[PDB]
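Asker: Got a structure for you, model_26.cif, holding mmCIF, N, CA and C atoms.
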```
data_input
#
loop_
_atom_site.label_atom_id
_atom_site.label_comp_id
_atom_site.auth_asym_id
_atom_site.auth_seq_id
_atom_site.Cartn_x
_atom_site.Cartn_y
_atom_site.Cartn_z
N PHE A 50 -14.84 -2.41 30.05
CA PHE A 50 -13.91 -1.54 30.76
C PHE A 50 -13.82 -0.21 30.03
N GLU A 51 -13.14 0.73 30.67
CA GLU A 51 -12.70 1.95 30.02
C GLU A 51 -11.18 2.00 30.06
N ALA A 52 -10.60 2.82 29.19
CA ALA A 52 -9.16 2.84 29.01
C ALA A 52 -8.65 4.27 29.08
N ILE A 53 -7.64 4.48 29.90
CA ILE A 53 -6.92 5.74 29.93
C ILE A 53 -5.71 5.62 29.02
N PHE A 54 -5.40 6.68 28.29
CA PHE A 54 -4.44 6.61 27.20
C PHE A 54 -3.27 7.56 27.40
N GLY A 55 -2.77 7.65 28.62
CA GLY A 55 -1.57 8.42 28.86
C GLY A 55 -1.82 9.79 29.43
N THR A 56 -1.62 9.93 30.73
CA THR A 56 -1.78 11.22 31.41
C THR A 56 -0.47 12.01 31.39
N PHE A 57 -0.04 12.34 30.17
CA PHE A 57 1.19 13.11 30.01
C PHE A 57 0.93 14.57 30.32
N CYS A 58 1.81 15.17 31.11
CA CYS A 58 1.64 16.54 31.55
C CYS A 58 2.11 17.50 30.46
N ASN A 59 2.20 18.78 30.80
CA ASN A 59 2.54 19.80 29.82
C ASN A 59 4.03 19.74 29.48
N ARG A 60 4.33 19.71 28.19
CA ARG A 60 5.71 19.73 27.74
C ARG A 60 6.32 21.10 27.98
N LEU A 61 7.53 21.11 28.53
CA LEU A 61 8.12 22.32 29.09
C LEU A 61 8.88 23.11 28.03
N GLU A 62 9.00 24.41 28.27
CA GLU A 62 9.73 25.32 27.40
C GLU A 62 10.46 26.33 28.27
N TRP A 63 11.50 26.95 27.71
CA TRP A 63 12.35 27.85 28.47
C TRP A 63 12.75 29.05 27.62
N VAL A 64 13.05 30.15 28.29
CA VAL A 64 13.47 31.38 27.64
C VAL A 64 14.30 32.19 28.64
N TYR A 65 15.36 32.82 28.15
CA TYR A 65 16.22 33.65 28.97
C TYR A 65 16.32 35.04 28.37
N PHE A 66 16.79 35.99 29.18
CA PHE A 66 16.91 37.36 28.70
C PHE A 66 18.11 37.52 27.79
N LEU A 67 19.23 36.90 28.14
CA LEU A 67 20.45 37.09 27.37
C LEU A 67 20.40 36.35 26.04
N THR A 68 19.59 35.30 25.94
CA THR A 68 19.45 34.58 24.68
C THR A 68 18.46 35.24 23.73
N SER A 69 17.80 36.31 24.14
CA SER A 69 16.92 37.04 23.23
C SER A 69 17.67 38.18 22.56
N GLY A 70 17.15 38.60 21.41
CA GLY A 70 17.74 39.72 20.69
C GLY A 70 17.55 41.06 21.35
N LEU A 71 16.58 41.16 22.27
CA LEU A 71 16.33 42.41 22.98
C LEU A 71 17.50 42.84 23.84
N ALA A 72 18.35 41.90 24.26
CA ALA A 72 19.58 42.22 24.97
C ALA A 72 20.57 43.00 24.11
N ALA A 73 20.40 43.03 22.79
CA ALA A 73 21.18 43.94 21.95
C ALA A 73 20.87 45.40 22.26
N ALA A 74 19.66 45.69 22.72
CA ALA A 74 19.37 47.02 23.21
C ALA A 74 19.96 47.28 24.59
N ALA A 75 20.38 46.23 25.29
CA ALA A 75 20.84 46.33 26.66
C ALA A 75 22.36 46.19 26.72
N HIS A 76 22.88 46.41 27.93
CA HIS A 76 24.27 46.13 28.26
C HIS A 76 24.25 45.53 29.66
N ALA A 77 24.40 44.21 29.73
CA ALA A 77 24.08 43.46 30.93
C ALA A 77 25.09 43.72 32.05
N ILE A 78 24.58 44.14 33.21
CA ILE A 78 25.41 44.44 34.36
C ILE A 78 24.77 43.83 35.60
N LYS A 79 25.50 42.97 36.28
CA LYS A 79 25.12 42.48 37.60
C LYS A 79 25.88 43.26 38.66
N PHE A 80 25.17 43.67 39.71
CA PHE A 80 25.78 44.49 40.75
C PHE A 80 25.13 44.12 42.08
N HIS A 81 25.93 43.59 43.00
CA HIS A 81 25.40 43.00 44.22
C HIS A 81 24.92 44.02 45.24
N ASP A 82 25.45 45.24 45.22
CA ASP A 82 25.13 46.23 46.24
C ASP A 82 24.14 47.27 45.73
N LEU A 83 23.15 46.82 44.96
CA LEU A 83 22.24 47.74 44.29
C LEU A 83 21.29 48.42 45.26
N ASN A 84 20.92 47.75 46.35
CA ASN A 84 20.00 48.34 47.32
C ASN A 84 20.62 49.51 48.06
N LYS A 85 21.94 49.58 48.13
CA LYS A 85 22.63 50.70 48.74
C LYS A 85 22.85 51.85 47.77
N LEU A 86 22.39 51.71 46.53
CA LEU A 86 22.55 52.74 45.51
C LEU A 86 21.25 53.51 45.37
N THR A 87 21.31 54.82 45.59
CA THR A 87 20.15 55.67 45.36
C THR A 87 19.93 55.87 43.86
N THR A 88 20.91 56.46 43.19
CA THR A 88 20.81 56.73 41.76
C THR A 88 22.20 56.90 41.18
N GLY A 89 22.28 56.80 39.86
CA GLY A 89 23.52 57.02 39.15
C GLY A 89 23.42 58.17 38.17
N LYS A 90 24.56 58.70 37.74
CA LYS A 90 24.57 59.83 36.82
C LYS A 90 25.76 59.70 35.88
N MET A 91 25.65 60.36 34.73
CA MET A 91 26.69 60.36 33.70
C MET A 91 26.92 61.81 33.29
N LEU A 92 27.86 62.47 33.96
CA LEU A 92 28.15 63.87 33.68
C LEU A 92 28.93 64.00 32.38
N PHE A 93 28.63 65.05 31.62
CA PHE A 93 29.28 65.31 30.35
C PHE A 93 29.86 66.72 30.33
N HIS A 94 30.76 66.94 29.38
CA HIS A 94 31.39 68.25 29.19
C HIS A 94 31.84 68.34 27.74
N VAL A 95 31.21 69.23 26.98
CA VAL A 95 31.59 69.49 25.59
C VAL A 95 31.53 70.99 25.38
N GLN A 96 32.64 71.58 24.95
CA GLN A 96 32.66 72.96 24.50
C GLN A 96 32.45 73.00 22.99
N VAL A 97 31.75 74.02 22.53
CA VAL A 97 31.26 74.01 21.14
C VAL A 97 32.39 74.38 20.19
N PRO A 98 32.42 73.82 19.00
CA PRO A 98 33.35 74.29 17.96
C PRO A 98 32.78 75.51 17.27
N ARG B 99 3.78 31.57 33.99
CA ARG B 99 3.50 32.89 34.54
C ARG B 99 4.65 33.83 34.22
N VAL B 100 4.57 35.05 34.73
CA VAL B 100 5.55 36.09 34.42
C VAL B 100 5.61 37.07 35.58
N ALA B 101 6.82 37.46 35.96
CA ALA B 101 7.00 38.46 36.99
C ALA B 101 6.56 39.83 36.50
N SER B 102 6.28 40.72 37.45
CA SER B 102 5.76 42.03 37.12
C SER B 102 6.27 43.05 38.13
N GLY B 103 6.04 44.32 37.82
CA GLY B 103 6.51 45.39 38.67
C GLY B 103 5.60 45.66 39.85
N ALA B 104 6.16 46.34 40.85
CA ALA B 104 5.41 46.63 42.07
C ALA B 104 4.37 47.71 41.81
N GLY B 105 3.48 47.89 42.79
CA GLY B 105 2.32 48.73 42.59
C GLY B 105 1.36 48.16 41.57
N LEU B 106 1.28 46.84 41.47
CA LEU B 106 0.56 46.14 40.41
C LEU B 106 0.33 44.69 40.82
N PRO B 107 -0.89 44.18 40.73
CA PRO B 107 -1.13 42.78 41.11
C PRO B 107 -0.47 41.79 40.16
N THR B 108 -0.24 40.60 40.68
CA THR B 108 0.50 39.54 40.00
C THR B 108 -0.43 38.37 39.70
N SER B 109 0.16 37.31 39.13
CA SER B 109 -0.58 36.12 38.75
C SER B 109 -0.51 35.09 39.87
N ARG B 110 -1.02 33.89 39.59
CA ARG B 110 -1.02 32.81 40.56
C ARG B 110 -0.80 31.48 39.85
N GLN B 111 -0.26 30.52 40.61
CA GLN B 111 -0.13 29.16 40.12
C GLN B 111 -1.50 28.51 40.01
N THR B 112 -1.93 28.23 38.79
CA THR B 112 -3.23 27.62 38.55
C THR B 112 -3.02 26.27 37.88
N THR B 113 -3.43 25.21 38.58
CA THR B 113 -3.45 23.88 37.99
C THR B 113 -4.53 23.83 36.92
N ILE B 114 -4.29 23.08 35.85
CA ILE B 114 -5.26 22.90 34.78
C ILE B 114 -5.27 21.42 34.40
N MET B 115 -6.44 20.80 34.46
CA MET B 115 -6.57 19.42 34.03
C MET B 115 -7.69 19.33 33.01
N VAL B 116 -7.37 18.81 31.83
CA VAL B 116 -8.36 18.68 30.78
C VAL B 116 -8.45 17.21 30.40
N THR B 117 -9.61 16.82 29.86
CA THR B 117 -9.92 15.43 29.60
C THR B 117 -10.66 15.33 28.27
N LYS B 118 -10.27 14.37 27.45
CA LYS B 118 -10.94 14.12 26.18
C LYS B 118 -11.42 12.68 26.13
N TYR B 119 -12.28 12.40 25.16
CA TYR B 119 -12.93 11.10 25.05
C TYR B 119 -12.81 10.58 23.63
N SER B 120 -13.09 9.29 23.48
CA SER B 120 -13.05 8.63 22.19
C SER B 120 -14.42 8.72 21.52
N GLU B 121 -14.58 8.00 20.42
CA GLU B 121 -15.84 7.98 19.68
C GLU B 121 -16.15 6.56 19.23
N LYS B 122 -17.36 6.38 18.69
CA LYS B 122 -17.83 5.09 18.22
C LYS B 122 -18.45 5.27 16.84
N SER B 123 -18.05 4.42 15.89
CA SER B 123 -18.62 4.47 14.54
C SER B 123 -18.50 3.10 13.89
N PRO B 124 -19.45 2.20 14.13
CA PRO B 124 -19.42 0.90 13.46
C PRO B 124 -19.87 1.01 12.00
N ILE B 125 -19.42 0.03 11.21
CA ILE B 125 -19.73 -0.04 9.78
C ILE B 125 -20.14 -1.48 9.45
N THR B 126 -20.75 -1.65 8.27
CA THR B 126 -21.37 -2.93 7.91
C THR B 126 -21.51 -3.05 6.40
N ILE B 127 -21.14 -4.21 5.84
CA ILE B 127 -21.46 -4.56 4.47
C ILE B 127 -22.15 -5.92 4.44
N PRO B 128 -23.38 -6.01 3.97
CA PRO B 128 -24.10 -7.29 3.80
C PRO B 128 -24.02 -7.96 2.42
N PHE B 129 -22.93 -8.67 2.13
CA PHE B 129 -22.90 -9.43 0.89
C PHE B 129 -23.57 -10.78 1.08
N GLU B 130 -24.13 -11.31 -0.01
CA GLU B 130 -24.96 -12.51 0.05
C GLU B 130 -24.58 -13.47 -1.06
N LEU B 131 -24.95 -14.73 -0.86
CA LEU B 131 -24.70 -15.81 -1.81
C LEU B 131 -25.97 -16.63 -1.96
N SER B 132 -26.27 -17.02 -3.20
CA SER B 132 -27.39 -17.91 -3.42
C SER B 132 -27.04 -19.32 -2.97
N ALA B 133 -28.08 -20.08 -2.62
CA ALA B 133 -27.87 -21.45 -2.18
C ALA B 133 -27.39 -22.35 -3.31
N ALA B 134 -27.66 -21.99 -4.56
CA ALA B 134 -27.13 -22.75 -5.68
C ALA B 134 -25.62 -22.61 -5.77
N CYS B 135 -25.08 -21.45 -5.39
CA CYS B 135 -23.63 -21.27 -5.37
C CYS B 135 -22.99 -22.15 -4.31
N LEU B 136 -23.60 -22.24 -3.13
CA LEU B 136 -23.09 -23.13 -2.11
C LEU B 136 -23.28 -24.59 -2.49
N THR B 137 -24.30 -24.89 -3.28
CA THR B 137 -24.52 -26.26 -3.72
C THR B 137 -23.47 -26.68 -4.73
N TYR B 138 -23.16 -25.80 -5.68
CA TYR B 138 -22.15 -26.09 -6.68
C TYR B 138 -20.73 -25.90 -6.16
N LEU B 139 -20.56 -25.26 -5.01
CA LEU B 139 -19.22 -25.12 -4.45
C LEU B 139 -18.71 -26.44 -3.89
N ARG B 140 -19.53 -27.11 -3.09
CA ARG B 140 -19.11 -28.32 -2.40
C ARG B 140 -19.41 -29.58 -3.19
N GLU B 141 -20.56 -29.65 -3.84
CA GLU B 141 -21.08 -30.90 -4.38
C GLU B 141 -20.86 -30.95 -5.89
N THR B 142 -19.76 -31.59 -6.28
CA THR B 142 -19.61 -32.00 -7.66
C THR B 142 -20.32 -33.33 -7.89
N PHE B 143 -20.71 -33.57 -9.13
CA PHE B 143 -21.32 -34.84 -9.50
C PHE B 143 -21.14 -35.06 -10.99
N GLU B 144 -21.10 -36.34 -11.36
CA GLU B 144 -21.10 -36.88 -12.73
C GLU B 144 -19.80 -36.64 -13.48
N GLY B 145 -18.90 -35.82 -12.93
CA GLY B 145 -17.57 -35.63 -13.48
C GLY B 145 -17.50 -35.02 -14.86
N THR B 146 -18.59 -34.42 -15.34
CA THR B 146 -18.60 -33.89 -16.69
C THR B 146 -17.86 -32.56 -16.75
N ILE B 147 -17.80 -31.99 -17.95
CA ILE B 147 -17.13 -30.71 -18.13
C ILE B 147 -17.94 -29.59 -17.48
#
```
Could you quickly redo this structure as structure tokens?
Answerer:
Amino acid sequence: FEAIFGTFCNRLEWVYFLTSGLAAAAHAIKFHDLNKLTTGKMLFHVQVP
Amino acid sequence: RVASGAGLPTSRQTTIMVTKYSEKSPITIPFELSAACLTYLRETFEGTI
């Protein structure tokens, strides 16, 4: 005879964005109406000393 | 796999099945005994020292 010795599939692994250190560069924001948003802006105003 | 940005081709679900095999390596030691050893093993006689 011949013998098969266990057809075990690939052992699984997982990774998330918030569990990585790269999210320290980020500030996580979920926003449901993003498709209705063209663009955003951050206006500033500083007079010089 | 991994998601990617638009204007750029993506990956695909690819099944992978790999198969390995066993080996064969017999070994042998031929030790021998003289017939006088087998004669003196079983057949005592005369009861001497």
Asker: Enclose range 103-114 of chain B, meaning all of its atoms listed in the file, in a box aligned along x, y and z, pad it by 3 Å on each side, and list the centre and edge lengths in Å to one decimal, as JSON.
Answerer:
```
{"center_x": 0.6, "center_y": 35.1, "center_z": 38.6, "size_x": 17.8, "size_y": 33.3, "size_z": 14.4}
```
Asker: Selection in question (the file shown): the PyMOL selection byres ((chain A and name CA) within 12 of (chain B and name CA)). Which residues does it include, as number ranges by chain?
Answerer: A: 51-59, 63-64
Asker: Per DSSP on the backbone, what are the alpha helix (DSSP H) residues of chain B, as an MDAnalysis selection string?
Answerer: chainID B and resid 133:140
Asker: So how many Å separate atom C of residue 67 in chain A and CA of residue 79 in chain A, to one decimal?
Answerer: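 Calculated distance between atom C of residue 67 in chain A and CA of residue 79 in chain A is 13.9 Å.
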Asker: What is the atom C of residue 93 in chain A to atom C of residue 70 in chain A distance in Å?
Answerer: 29.8 Å
